[PDB]
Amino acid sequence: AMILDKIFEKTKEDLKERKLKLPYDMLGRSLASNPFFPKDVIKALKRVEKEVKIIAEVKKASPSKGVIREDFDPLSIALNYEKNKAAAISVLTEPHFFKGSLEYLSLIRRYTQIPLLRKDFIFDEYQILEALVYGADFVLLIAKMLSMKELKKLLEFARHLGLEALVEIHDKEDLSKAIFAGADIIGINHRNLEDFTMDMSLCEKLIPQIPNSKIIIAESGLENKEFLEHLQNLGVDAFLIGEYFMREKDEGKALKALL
């Protein structure tokens, strides 16, 4: 009488309704430590008119520049970023080269009400489960460092935990990977990942190849409002900016000036 088939079919139809009442992105994240309720990453980053959306980055050091800010208070930085209308906050959690910490993400989560990006070098599901538990809303994935199969797997794992992902790209090969893997958010990074050189025309070159459905982020070498508006005109949604703010005494004042 095929009882198992009948039970499966009923369970399938009921599962559709459960997901509408409690989506993936609320099921997993609601047990992280948001002070109130998890925020919509896509809505936070999607530009609606000409408003300046900035993912502001908590970054003490960089491989190429060394220590960027000697007096580093990641909680204070995060609060000033949100106070000054950041769309989201990127938290460096890589410890050895960037002098970040996964604990910074957990501490920042408890006192912020905008999406948080775990900025790290992710290649394994454990790191994405960490990001969920420690309070990230989306994770960085680097297309150059991952095979097509591995990237798609990690994107899928993130989605099944309720996390979005920023997929960083540097060229057309990277972009082809990101699109085929199903990335929703594409970050065009102006800085070369080996030589730290800058190609500041990369958005002109790559945006014409990005599908309509994607959020486009620009990262690196951003320190002037006029250039941000130029990138907006090319179709950029939001901007990931770190060192420019961390170089300044008042990182909140530097963020405000770019809006």
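A residue's number is simply how far along the shown sequence it sits, counting from 1.
- Per the PDB record, of the two stretches 247-255 and 9-17, 247-255 carries the greater mean B-factor over its C-alpha atoms.
- Higher mean CA temperature factor between 26-34 and 221-229: 221-229, per the PDB entry.
- Per the deposited record, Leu206 carries the highest C-alpha B-factor of all listed residues (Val67, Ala44, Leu206, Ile55).
- Among all modelled residues in this chain, the alpha-carbon of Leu240 has a temperature factor (C-alpha) in the lowest third.
- Among the modelled residues of the chain, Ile179 sits in the highest third by CA temperature factor in this PDB entry.
- Per the PDB record, residue ranking by Cα B-factor puts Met148 in the highest third of the chain.
- Among all modelled residues in its chain, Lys83 ranks in the highest third by Cα B-factor.
- Split the chain's modelled residues into thirds by C-alpha temperature factor. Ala61 is in the lowest one.
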